[PDB]
Amino acid sequence: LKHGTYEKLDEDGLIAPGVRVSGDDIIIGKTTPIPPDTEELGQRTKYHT
Amino acid sequence: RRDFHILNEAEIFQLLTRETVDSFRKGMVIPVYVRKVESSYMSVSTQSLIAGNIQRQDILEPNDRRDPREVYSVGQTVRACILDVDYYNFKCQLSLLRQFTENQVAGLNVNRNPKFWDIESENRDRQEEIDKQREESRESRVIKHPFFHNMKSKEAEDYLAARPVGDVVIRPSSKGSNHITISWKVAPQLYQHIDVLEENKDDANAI
Amino acid sequence: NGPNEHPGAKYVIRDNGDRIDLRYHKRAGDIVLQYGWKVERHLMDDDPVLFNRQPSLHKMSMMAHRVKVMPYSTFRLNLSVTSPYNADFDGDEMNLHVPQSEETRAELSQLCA
Amino acid sequence: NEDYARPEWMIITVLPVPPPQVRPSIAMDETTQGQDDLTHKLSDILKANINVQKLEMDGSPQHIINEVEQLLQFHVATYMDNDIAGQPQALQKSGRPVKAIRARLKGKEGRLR
Amino acid sequence: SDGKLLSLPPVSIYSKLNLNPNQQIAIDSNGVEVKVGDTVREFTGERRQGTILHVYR
Amino acid sequence: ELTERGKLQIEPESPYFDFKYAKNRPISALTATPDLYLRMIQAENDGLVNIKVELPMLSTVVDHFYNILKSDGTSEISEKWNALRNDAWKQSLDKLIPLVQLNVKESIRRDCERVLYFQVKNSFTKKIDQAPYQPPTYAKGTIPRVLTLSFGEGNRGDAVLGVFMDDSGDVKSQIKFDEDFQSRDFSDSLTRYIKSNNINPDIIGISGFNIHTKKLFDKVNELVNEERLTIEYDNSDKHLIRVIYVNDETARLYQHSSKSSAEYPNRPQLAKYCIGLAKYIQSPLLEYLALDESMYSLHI
DNA sequence: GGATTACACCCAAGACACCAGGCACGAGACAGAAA
RNA sequence: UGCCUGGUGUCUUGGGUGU
DNA sequence: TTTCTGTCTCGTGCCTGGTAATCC
Ligand SMILES: [Mg+2]
């Protein structure tokens, strides 16, 4: 993840108008899928996909 | 064959904590990790995840009247001595009193009977190593002054011998780096060494 | 003082070469400095710095000045030095280079001043 | 020089393959990374070498041998110099000329300058 | 930890002792905490010194 | 005796500190404590200490043999002859002492080694002497159906793995519990797995690497006590399914052995660990045999 | 024929192996066939 | 006791800024 | 029509190679 803050994003991954933003803040939240690793061994669904 | 062997409290403790009952019992000192500080108790964690607690009577010295939070904080690990062990529940109580954390040195139960143990040899080696500890190192002092000269008492007197009456030389003193010996010619073949005590010294070589 | 308060520091470097970042340290007050360590302190007053303008036609285009920390966002020059730099204040920009050693600081203060 | 520069060493019989540090790959997007130009040129050279070896052992029409060996010579030559006057340059699939090793070292943006 | 040397196949070894900094903690004679990689000198004996590699008990 | 290396290296925490200054230790008592003599020999081989064997009445034997050997003459010539005989006898004693000391040392070494060998043999026999767990209402020696549940460490992100094996010794089904073990969902899913699928394990084994497994064991025991998960008995005070801890040296070694990987190429390491635990419960002897060479590295 | 033609800095915008065709695994549906 | 993240394409092209 | 099923089409998958001065 980026070192900025994701707390200003809404549920849909987009910031809302009227919100003050600073440098390095995340204004668009996007993720790309990755083939899962062998973490399904003992991770309680908390594995990076 | 005998029936299946069921682990008991000691076996379960050894299996889980990987610590033997002998190596973790009363009268042992371990470097536990402070996890939570409270006014009436402190909650600490050992190396082997064994959660421990100390009642307020032992975090601070009985003479001191300070607060536990001021002296000790989270993340500040300290030495502790085991008082009680709850093997079934993996709970232990500790003491921070120096009568345990410091005085407990010869924790081994080796029989020191003079018939079979050479107490005299161990004692002699003990003063040998203690004298070795007392041994230190010392070096010379360097001072920048027109009338300062790194000479002995006799050396200073001989240096002033070739000079007329009243000339002054300055040399390091034998009483310490905080002292200075000043030698001046009182009379032909007569010299006075005066010790000067230094105060508020910036450095050993400094004035 | 930390990396946000002037005068401050950014890093503490141990003898072995490890860098301690003061932004991400929760126990900055619990750091004791030993002799021989390095502290990457902030730029302060009277620090020699090399100052330069392009194109560097001659050797007077790089000269070492003494730092004075000031508000607002522009470098400030005495107007007598605008001739060797061939600079005026209609939008020109100039480069500043910080020496990183005692030897280099001495060279700047004794040769390029 | 007998020890250092022997005349027959001017003909290449074994080619040194530089490490990936010399020809690093670049991630064009979040998923697909791009092979470097030198990597593609080395792949072409190795394919030509395999082709020559396969052709030699199976059956030897001299015309085919001449064509394939001339292709190998062209690939090896353009891997180190892609500005040979008098013949067309090696081109990428995008149509741009291949950045040979010689082009890496010359110009304002080359290695030396 | 005893000071002896052993030779064993990789299979025979149990596992690596992964310890967090909250577990790998060292305290010197004076009680000052010493962390991984710090340089300490033996108080007695050969009085050697070196950098800490791992802390256990 | 202590060399300079012994004078400096024998620390209060070192195991050699037990005999740093021992003196006049009886030989006859050494055989009852072989490890002390073995450790003394080991320290000697390290160039730290020197073991010396001496007799309190050596002078008595020397004088007796001299009296046997000495002449009874009183003349100065006889005095010179007796002096020569005594000096030669002392030289002979000087030559003879080291060989006898070495022979006695070797004898005691062999005795202590044999004693410790027998002790290790008995310890290993005690370790490997245990019949498989006997389920109630069954004769001894019956192989029980077993279910193993484990999560390893218990850090945030540690799911609980379950592996069930029948009496045949073949894996029947493996399940993952991806919810928190303290949630109602975990208990409900475990109860559904236990009851609905007709698994009916005779005993449930729980093991781990740290104390976090204790909470899982307590939670499982509470669940068993709450849902009255009695064992199915083939055709009436039905007995509850037992939940115990399991020793896991063989399981730990099996989770790293390539034999498991060949046997189970598409299974996690924790699944292999649970399978090893289940096989150990079914038959400890065969699991101890499966160690092959790594059995010698067990703490016996 | 070959080689080279000032220095530094800023920003924005458009492209970067695609593909097609022959070879494999699994599956399933609608029609065969006895009763 | 629930406990904190540093890792950023490349190649072309265009338009600009100070001399 | 009920029931067991065949077997050949076909969805899903994939391998892997074709395709402007000047100057010396
Ligand atoms: Mg201007």
# chains A, B, ... in the order shown; residues from 1 in each chain; ligands from 1
>>> residues_near_ligand(ligand="ligand 1", cutoff="12 Å", atoms="only C-alpha atoms (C1' of nucleotides) and all ligand atoms", output="PyMOL selection string")
(chain C and resi 53-54+82+85-94) or (chain H and resi 17-19)
>>> write_last_selection(atoms="N, CA and C atoms (P, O5', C5', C4', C3', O3' and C1' of nucleotides)", output="PDB file, in the first residue's frame")
ATOM      1  N   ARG C  53      24.828  29.251 -10.771  1.00  0.00           N
ATOM      2  CA  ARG C  53      23.854  29.622 -11.790  1.00  0.00           C
ATOM      3  C   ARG C  53      24.328  29.132 -13.147  1.00  0.00           C
ATOM      4  N   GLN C  54      23.405  28.619 -13.946  1.00  0.00           N
ATOM      5  CA  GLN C  54      23.712  28.139 -15.282  1.00  0.00           C
ATOM      6  C   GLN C  54      23.346  29.179 -16.334  1.00  0.00           C
ATOM      7  N   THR C  82      25.254  39.921  -8.133  1.00  0.00           N
ATOM      8  CA  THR C  82      24.468  39.614  -9.320  1.00  0.00           C
ATOM      9  C   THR C  82      25.261  39.815 -10.601  1.00  0.00           C
ATOM     10  N   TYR C  85      27.411  36.355 -11.315  1.00  0.00           N
ATOM     11  CA  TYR C  85      26.454  35.322 -11.680  1.00  0.00           C
ATOM     12  C   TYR C  85      25.683  35.648 -12.947  1.00  0.00           C
ATOM     13  N   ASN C  86      25.752  36.887 -13.428  1.00  0.00           N
ATOM     14  CA  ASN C  86      24.959  37.331 -14.572  1.00  0.00           C
ATOM     15  C   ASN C  86      23.474  37.099 -14.319  1.00  0.00           C
ATOM     16  N   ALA C  87      23.034  37.419 -13.109  1.00  0.00           N
ATOM     17  CA  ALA C  87      21.683  37.127 -12.662  1.00  0.00           C
ATOM     18  C   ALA C  87      20.922  38.408 -12.367  1.00  0.00           C
ATOM     19  N   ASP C  88      19.621  38.376 -12.638  1.00  0.00           N
ATOM     20  CA  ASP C  88      18.701  39.393 -12.165  1.00  0.00           C
ATOM     21  C   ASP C  88      17.451  38.695 -11.659  1.00  0.00           C
ATOM     22  N   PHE C  89      16.546  39.476 -11.079  1.00  0.00           N
ATOM     23  CA  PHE C  89      15.423  38.936 -10.327  1.00  0.00           C
ATOM     24  C   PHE C  89      14.120  38.964 -11.111  1.00  0.00           C
ATOM     25  N   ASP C  90      14.175  38.706 -12.411  1.00  0.00           N
ATOM     26  CA  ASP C  90      12.978  38.643 -13.235  1.00  0.00           C
ATOM     27  C   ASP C  90      12.478  37.221 -13.436  1.00  0.00           C
ATOM     28  N   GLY C  91      12.958  36.271 -12.642  1.00  0.00           N
ATOM     29  CA  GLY C  91      12.569  34.879 -12.776  1.00  0.00           C
ATOM     30  C   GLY C  91      13.721  33.903 -12.797  1.00  0.00           C
ATOM     31  N   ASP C  92      14.962  34.347 -12.618  1.00  0.00           N
ATOM     32  CA  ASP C  92      16.094  33.435 -12.657  1.00  0.00           C
ATOM     33  C   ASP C  92      16.045  32.477 -11.480  1.00  0.00           C
ATOM     34  N   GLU C  93      16.653  31.314 -11.666  1.00  0.00           N
ATOM     35  CA  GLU C  93      16.778  30.314 -10.623  1.00  0.00           C
ATOM     36  C   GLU C  93      18.240  29.934 -10.466  1.00  0.00           C
ATOM     37  N   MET C  94      18.620  29.567  -9.248  1.00  0.00           N
ATOM     38  CA  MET C  94      19.998  29.213  -8.959  1.00  0.00           C
ATOM     39  C   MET C  94      20.037  27.962  -8.101  1.00  0.00           C
TER      40      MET C  94
ATOM     41  P     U H  17       8.603  31.177 -22.800  1.00  0.00           P
ATOM     42  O5'   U H  17       9.383  31.210 -21.422  1.00  0.00           O
ATOM     43  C5'   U H  17       8.669  31.188 -20.199  1.00  0.00           C
ATOM     44  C4'   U H  17       9.563  30.803 -19.056  1.00  0.00           C
ATOM     45  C3'   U H  17      10.939  31.443 -19.065  1.00  0.00           C
ATOM     46  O3'   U H  17      10.934  32.745 -18.517  1.00  0.00           O
ATOM     47  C1'   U H  17      11.162  29.128 -18.725  1.00  0.00           C
ATOM     48  P     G H  18      11.712  33.933 -19.258  1.00  0.00           P
ATOM     49  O5'   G H  18      13.189  33.825 -18.688  1.00  0.00           O
ATOM     50  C5'   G H  18      13.422  33.672 -17.299  1.00  0.00           C
ATOM     51  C4'   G H  18      14.862  33.335 -17.026  1.00  0.00           C
ATOM     52  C3'   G H  18      15.874  34.016 -17.923  1.00  0.00           C
ATOM     53  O3'   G H  18      16.129  35.353 -17.540  1.00  0.00           O
ATOM     54  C1'   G H  18      16.418  31.726 -17.703  1.00  0.00           C
ATOM     55  P     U H  19      16.711  36.396 -18.610  1.00  0.00           P
ATOM     56  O5'   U H  19      18.269  36.100 -18.598  1.00  0.00           O
ATOM     57  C5'   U H  19      19.069  36.263 -19.759  1.00  0.00           C
ATOM     58  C4'   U H  19      20.294  35.408 -19.628  1.00  0.00           C
ATOM     59  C3'   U H  19      21.226  35.395 -20.822  1.00  0.00           C
ATOM     60  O3'   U H  19      22.111  36.498 -20.835  1.00  0.00           O
ATOM     61  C1'   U H  19      20.762  33.181 -20.161  1.00  0.00           C
TER      62        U H  19
END
>>> residues_around(residues="residue 40 of chain A", least_positions_apart="2", cutoff="12 Å", atoms="only C-alpha atoms (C1' of nucleotides)", output="JSON, numbers by chain")
{"A": [35, 36, 37, 38, 42, 43, 44, 45, 46, 47, 48, 49], "F": [157, 158, 159, 160, 161, 175, 176, 177, 178, 267, 268, 269, 270, 271]}
>>> write_last_selection(atoms="N, CA, C and O atoms", output="mmCIF file, in the first residue's frame")
data_model
loop_
_atom_site.group_PDB
_atom_site.id
_atom_site.type_symbol
_atom_site.label_atom_id
_atom_site.label_comp_id
_atom_site.auth_asym_id
_atom_site.auth_seq_id
_atom_site.Cartn_x
_atom_site.Cartn_y
_atom_site.Cartn_z
ATOM 1 N N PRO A 35 -2.806 -13.539 -8.219
ATOM 2 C CA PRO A 35 -2.990 -14.954 -7.872
ATOM 3 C C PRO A 35 -2.568 -15.220 -6.439
ATOM 4 O O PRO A 35 -1.447 -14.874 -6.037
ATOM 5 N N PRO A 36 -3.437 -15.835 -5.640
ATOM 6 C CA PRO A 36 -3.130 -16.021 -4.218
ATOM 7 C C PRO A 36 -1.973 -16.982 -4.006
ATOM 8 O O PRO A 36 -1.704 -17.866 -4.823
ATOM 9 N N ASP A 37 -1.283 -16.793 -2.886
ATOM 10 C CA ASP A 37 -0.137 -17.612 -2.527
ATOM 11 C C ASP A 37 -0.612 -18.813 -1.708
ATOM 12 O O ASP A 37 -1.808 -19.104 -1.627
ATOM 13 N N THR A 38 0.326 -19.531 -1.093
ATOM 14 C CA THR A 38 -0.001 -20.643 -0.212
ATOM 15 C C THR A 38 -0.421 -20.188 1.179
ATOM 16 O O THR A 38 -0.464 -21.010 2.100
ATOM 17 N N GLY A 42 -2.938 -21.419 6.777
ATOM 18 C CA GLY A 42 -3.489 -21.180 8.096
ATOM 19 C C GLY A 42 -3.965 -19.762 8.329
ATOM 20 O O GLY A 42 -4.228 -19.375 9.470
ATOM 21 N N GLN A 43 -4.068 -18.970 7.263
ATOM 22 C CA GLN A 43 -4.587 -17.613 7.376
ATOM 23 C C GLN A 43 -6.109 -17.656 7.418
ATOM 24 O O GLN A 43 -6.741 -18.329 6.597
ATOM 25 N N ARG A 44 -6.698 -16.943 8.380
ATOM 26 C CA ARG A 44 -8.152 -16.881 8.527
ATOM 27 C C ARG A 44 -8.716 -15.822 7.576
ATOM 28 O O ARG A 44 -9.162 -14.743 7.974
ATOM 29 N N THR A 45 -8.650 -16.148 6.281
ATOM 30 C CA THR A 45 -9.165 -15.328 5.185
ATOM 31 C C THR A 45 -8.340 -14.051 5.028
ATOM 32 O O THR A 45 -8.538 -13.282 4.082
ATOM 33 N N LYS A 46 -7.383 -13.835 5.924
ATOM 34 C CA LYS A 46 -6.552 -12.633 5.897
ATOM 35 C C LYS A 46 -5.287 -12.847 5.072
ATOM 36 O O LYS A 46 -4.168 -12.704 5.561
ATOM 37 N N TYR A 47 -5.465 -13.195 3.801
ATOM 38 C CA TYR A 47 -4.359 -13.406 2.879
ATOM 39 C C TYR A 47 -4.501 -12.469 1.688
ATOM 40 O O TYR A 47 -5.613 -12.209 1.216
ATOM 41 N N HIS A 48 -3.369 -11.966 1.207
ATOM 42 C CA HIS A 48 -3.372 -10.920 0.192
ATOM 43 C C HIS A 48 -3.713 -11.502 -1.173
ATOM 44 O O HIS A 48 -2.965 -12.324 -1.712
ATOM 45 N N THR A 49 -4.840 -11.067 -1.738
ATOM 46 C CA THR A 49 -5.250 -11.477 -3.072
ATOM 47 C C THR A 49 -5.202 -10.353 -4.094
ATOM 48 O O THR A 49 -5.271 -10.629 -5.294
ATOM 49 N N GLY F 157 -4.573 -13.750 12.360
ATOM 50 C CA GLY F 157 -4.421 -14.320 11.037
ATOM 51 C C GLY F 157 -4.046 -15.787 11.082
ATOM 52 O O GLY F 157 -3.394 -16.293 10.165
ATOM 53 N N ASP F 158 -4.444 -16.483 12.144
ATOM 54 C CA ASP F 158 -4.120 -17.893 12.333
ATOM 55 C C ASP F 158 -5.409 -18.706 12.341
ATOM 56 O O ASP F 158 -6.058 -18.839 13.383
ATOM 57 N N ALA F 159 -5.768 -19.256 11.186
ATOM 58 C CA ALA F 159 -6.943 -20.106 11.090
ATOM 59 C C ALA F 159 -6.664 -21.473 11.704
ATOM 60 O O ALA F 159 -5.519 -21.922 11.798
ATOM 61 N N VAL F 160 -7.735 -22.140 12.122
ATOM 62 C CA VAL F 160 -7.650 -23.447 12.762
ATOM 63 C C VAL F 160 -7.890 -24.512 11.702
ATOM 64 O O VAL F 160 -8.896 -24.469 10.982
ATOM 65 N N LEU F 161 -6.968 -25.462 11.602
ATOM 66 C CA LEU F 161 -7.059 -26.548 10.638
ATOM 67 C C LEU F 161 -7.531 -27.822 11.324
ATOM 68 O O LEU F 161 -7.127 -28.120 12.450
ATOM 69 N N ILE F 175 -10.733 -29.945 6.840
ATOM 70 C CA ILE F 175 -11.604 -28.777 6.846
ATOM 71 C C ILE F 175 -10.827 -27.570 7.354
ATOM 72 O O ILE F 175 -9.887 -27.697 8.145
ATOM 73 N N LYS F 176 -11.222 -26.390 6.883
ATOM 74 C CA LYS F 176 -10.662 -25.128 7.338
ATOM 75 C C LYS F 176 -11.716 -24.333 8.095
ATOM 76 O O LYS F 176 -12.868 -24.239 7.661
ATOM 77 N N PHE F 177 -11.316 -23.770 9.229
ATOM 78 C CA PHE F 177 -12.140 -22.836 9.982
ATOM 79 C C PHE F 177 -11.515 -21.454 9.856
ATOM 80 O O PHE F 177 -10.500 -21.168 10.498
ATOM 81 N N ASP F 178 -12.122 -20.603 9.032
ATOM 82 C CA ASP F 178 -11.559 -19.299 8.722
ATOM 83 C C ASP F 178 -12.104 -18.172 9.588
ATOM 84 O O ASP F 178 -11.682 -17.024 9.414
ATOM 85 N N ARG F 267 -1.079 -30.543 -0.081
ATOM 86 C CA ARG F 267 -1.585 -30.268 1.251
ATOM 87 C C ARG F 267 -0.679 -29.290 1.981
ATOM 88 O O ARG F 267 0.535 -29.270 1.758
ATOM 89 N N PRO F 268 -1.246 -28.467 2.859
ATOM 90 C CA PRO F 268 -0.432 -27.514 3.618
ATOM 91 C C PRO F 268 0.418 -28.211 4.669
ATOM 92 O O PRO F 268 0.219 -29.381 5.003
ATOM 93 N N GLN F 269 1.390 -27.459 5.190
ATOM 94 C CA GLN F 269 2.267 -27.998 6.225
ATOM 95 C C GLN F 269 1.500 -28.287 7.509
ATOM 96 O O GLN F 269 1.776 -29.279 8.193
ATOM 97 N N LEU F 270 0.542 -27.426 7.863
ATOM 98 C CA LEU F 270 -0.261 -27.678 9.055
ATOM 99 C C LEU F 270 -1.110 -28.932 8.900
ATOM 100 O O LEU F 270 -1.342 -29.651 9.879
ATOM 101 N N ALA F 271 -1.578 -29.215 7.682
ATOM 102 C CA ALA F 271 -2.280 -30.471 7.441
ATOM 103 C C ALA F 271 -1.363 -31.661 7.683
ATOM 104 O O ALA F 271 -1.777 -32.665 8.272
#
>>> residues_around(residues="residue 188 of chain F", least_positions_apart="6", cutoff="12 Å", atoms="only C-alpha atoms (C1' of nucleotides)", output="PyMOL selection string")
chain F and resi 177+179-182+194-196+220+223-224+226-227
>>> write_last_selection(atoms="N, CA, C and O atoms", output="PDB file, in the first residue's frame")
ATOM      1  N   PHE F 177     -11.316 -23.770   9.229  1.00  0.00           N
ATOM      2  CA  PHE F 177     -12.140 -22.836   9.982  1.00  0.00           C
ATOM      3  C   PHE F 177     -11.515 -21.454   9.856  1.00  0.00           C
ATOM      4  O   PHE F 177     -10.500 -21.168  10.498  1.00  0.00           O
ATOM      5  N   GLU F 179     -13.026 -18.460  10.501  1.00  0.00           N
ATOM      6  CA  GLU F 179     -13.502 -17.458  11.438  1.00  0.00           C
ATOM      7  C   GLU F 179     -12.679 -17.497  12.725  1.00  0.00           C
ATOM      8  O   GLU F 179     -11.873 -18.402  12.957  1.00  0.00           O
ATOM      9  N   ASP F 180     -12.886 -16.487  13.568  1.00  0.00           N
ATOM     10  CA  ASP F 180     -12.206 -16.441  14.856  1.00  0.00           C
ATOM     11  C   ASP F 180     -12.677 -17.583  15.747  1.00  0.00           C
ATOM     12  O   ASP F 180     -13.868 -17.894  15.809  1.00  0.00           O
ATOM     13  N   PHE F 181     -11.725 -18.207  16.445  1.00  0.00           N
ATOM     14  CA  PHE F 181     -12.029 -19.361  17.282  1.00  0.00           C
ATOM     15  C   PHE F 181     -12.860 -19.007  18.508  1.00  0.00           C
ATOM     16  O   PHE F 181     -13.420 -19.914  19.133  1.00  0.00           O
ATOM     17  N   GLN F 182     -12.958 -17.727  18.864  1.00  0.00           N
ATOM     18  CA  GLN F 182     -13.779 -17.297  19.986  1.00  0.00           C
ATOM     19  C   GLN F 182     -15.191 -16.904  19.577  1.00  0.00           C
ATOM     20  O   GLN F 182     -16.017 -16.616  20.450  1.00  0.00           O
ATOM     21  N   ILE F 194     -18.719 -31.967  13.288  1.00  0.00           N
ATOM     22  CA  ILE F 194     -18.646 -33.143  14.148  1.00  0.00           C
ATOM     23  C   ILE F 194     -19.874 -34.027  13.959  1.00  0.00           C
ATOM     24  O   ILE F 194     -19.762 -35.250  13.814  1.00  0.00           O
ATOM     25  N   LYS F 195     -21.063 -33.424  13.944  1.00  0.00           N
ATOM     26  CA  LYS F 195     -22.292 -34.208  13.987  1.00  0.00           C
ATOM     27  C   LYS F 195     -22.819 -34.571  12.602  1.00  0.00           C
ATOM     28  O   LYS F 195     -23.027 -35.753  12.309  1.00  0.00           O
ATOM     29  N   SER F 196     -23.041 -33.570  11.746  1.00  0.00           N
ATOM     30  CA  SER F 196     -23.800 -33.788  10.518  1.00  0.00           C
ATOM     31  C   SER F 196     -23.104 -34.778   9.590  1.00  0.00           C
ATOM     32  O   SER F 196     -23.752 -35.647   8.996  1.00  0.00           O
ATOM     33  N   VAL F 220     -12.510 -25.800  23.206  1.00  0.00           N
ATOM     34  CA  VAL F 220     -12.980 -27.077  22.674  1.00  0.00           C
ATOM     35  C   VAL F 220     -13.585 -27.925  23.784  1.00  0.00           C
ATOM     36  O   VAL F 220     -14.627 -28.566  23.603  1.00  0.00           O
ATOM     37  N   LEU F 223     -16.929 -26.579  24.592  1.00  0.00           N
ATOM     38  CA  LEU F 223     -17.882 -26.937  23.546  1.00  0.00           C
ATOM     39  C   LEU F 223     -18.340 -28.384  23.695  1.00  0.00           C
ATOM     40  O   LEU F 223     -19.529 -28.694  23.546  1.00  0.00           O
ATOM     41  N   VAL F 224     -17.400 -29.285  23.986  1.00  0.00           N
ATOM     42  CA  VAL F 224     -17.743 -30.694  24.169  1.00  0.00           C
ATOM     43  C   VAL F 224     -18.658 -30.867  25.374  1.00  0.00           C
ATOM     44  O   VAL F 224     -19.656 -31.596  25.322  1.00  0.00           O
ATOM     45  N   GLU F 226     -20.668 -28.695  26.527  1.00  0.00           N
ATOM     46  CA  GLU F 226     -21.934 -28.013  26.292  1.00  0.00           C
ATOM     47  C   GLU F 226     -22.845 -28.771  25.336  1.00  0.00           C
ATOM     48  O   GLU F 226     -24.043 -28.906  25.604  1.00  0.00           O
ATOM     49  N   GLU F 227     -22.307 -29.279  24.229  1.00  0.00           N
ATOM     50  CA  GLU F 227     -23.123 -29.930  23.212  1.00  0.00           C
ATOM     51  C   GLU F 227     -23.283 -31.428  23.429  1.00  0.00           C
ATOM     52  O   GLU F 227     -23.974 -32.078  22.639  1.00  0.00           O
TER      53      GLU F 227
END
>>> atom_distance(atom1="atom CA of residue 19 of chain F", atom2="atom CA of residue 55 of chain F")
19.4 Å
>>> residues_around(residues="residue 4 of chain H", least_positions_apart="3", cutoff="12 Å", atoms="only C-alpha atoms (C1' of nucleotides)", output="list in words")
residues 1, 3, 4 and 5 of chain A; 24 and 26 of chain C
>>> write_last_selection(atoms="N, CA and C atoms", output="short mmCIF file (atom, residue, chain, number, x, y, z; two decimals), in the first residue's frame")
data_model
loop_
_atom_site.label_atom_id
_atom_site.label_comp_id
_atom_site.auth_asym_id
_atom_site.auth_seq_id
_atom_site.Cartn_x
_atom_site.Cartn_y
_atom_site.Cartn_z
N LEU A 1 0.82 -1.20 0.00
CA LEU A 1 0.00 0.00 0.00
C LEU A 1 0.87 1.26 0.00
N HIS A 3 2.10 4.94 1.21
CA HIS A 3 2.35 5.42 2.57
C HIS A 3 1.37 6.50 3.00
N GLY A 4 0.54 7.01 2.10
CA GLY A 4 -0.45 8.01 2.44
C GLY A 4 -1.56 7.43 3.30
N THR A 5 -2.63 8.21 3.41
CA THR A 5 -3.78 7.81 4.21
C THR A 5 -4.97 7.49 3.31
N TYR C 24 9.87 8.22 12.35
CA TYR C 24 9.17 6.99 12.70
C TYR C 24 9.63 6.41 14.03
N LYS C 26 9.29 6.31 18.00
CA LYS C 26 8.38 6.66 19.08
C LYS C 26 9.09 7.04 20.37
#
>>> residues_around(residues="residue 10 of chain B", least_positions_apart="2", cutoff="9 Å", atoms="only C-alpha atoms (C1' of nucleotides)", output="ChimeraX atom specification")
/B:7-8,12-15,20-21,87-88
>>> residues_around(residues="residue 3 of chain I", least_positions_apart="5", cutoff="12 Å", atoms="only C-alpha atoms (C1' of nucleotides)", output="MDAnalysis selection string")
chainID G and resid 33:35
>>> write_last_selection(atoms="N, CA, C and O atoms (P, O5', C5', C4', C3', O3' and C1' of nucleotides)", output="PDB file, in the first residue's frame")
ATOM      1  P    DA G  33     -30.238 -49.222 -30.765  1.00  0.00           P
ATOM      2  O5'  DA G  33     -30.827 -49.885 -29.439  1.00  0.00           O
ATOM      3  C5'  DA G  33     -30.052 -49.880 -28.250  1.00  0.00           C
ATOM      4  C4'  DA G  33     -30.867 -50.384 -27.077  1.00  0.00           C
ATOM      5  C3'  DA G  33     -31.951 -51.412 -27.437  1.00  0.00           C
ATOM      6  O3'  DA G  33     -31.790 -52.582 -26.649  1.00  0.00           O
ATOM      7  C1'  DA G  33     -32.801 -49.752 -26.006  1.00  0.00           C
ATOM      8  P    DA G  34     -32.404 -53.985 -27.139  1.00  0.00           P
ATOM      9  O5'  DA G  34     -32.777 -54.729 -25.774  1.00  0.00           O
ATOM     10  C5'  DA G  34     -31.849 -54.742 -24.696  1.00  0.00           C
ATOM     11  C4'  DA G  34     -32.557 -54.513 -23.373  1.00  0.00           C
ATOM     12  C3'  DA G  34     -33.722 -55.469 -23.092  1.00  0.00           C
ATOM     13  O3'  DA G  34     -33.558 -56.094 -21.826  1.00  0.00           O
ATOM     14  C1'  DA G  34     -34.382 -53.212 -22.753  1.00  0.00           C
ATOM     15  P    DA G  35     -34.553 -57.274 -21.377  1.00  0.00           P
ATOM     16  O5'  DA G  35     -35.773 -56.509 -20.678  1.00  0.00           O
ATOM     17  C5'  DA G  35     -35.553 -55.765 -19.486  1.00  0.00           C
ATOM     18  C4'  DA G  35     -36.805 -55.007 -19.078  1.00  0.00           C
ATOM     19  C3'  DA G  35     -38.081 -55.853 -18.998  1.00  0.00           C
ATOM     20  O3'  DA G  35     -38.508 -55.969 -17.645  1.00  0.00           O
ATOM     21  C1'  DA G  35     -38.457 -53.722 -20.031  1.00  0.00           C
TER      22       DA G  35
END
>>> residues_around(residues="residue 17 of chain I", least_positions_apart="4", cutoff="12 Å", atoms="only C-alpha atoms (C1' of nucleotides)", output="list in words")
residues 19, 20, 21 and 22 of chain G
>>> interface_residues(of="chain E", to="chain B", cutoff="12 Å", atoms="only C-alpha atoms", output="PyMOL selection string")
chain E and resi 17+19-35+43-47+55-57
>>> atom_distance(atom1="atom CA of residue 73 of chain C", atom2="atom CA of residue 106 of chain C")
28.0 Å
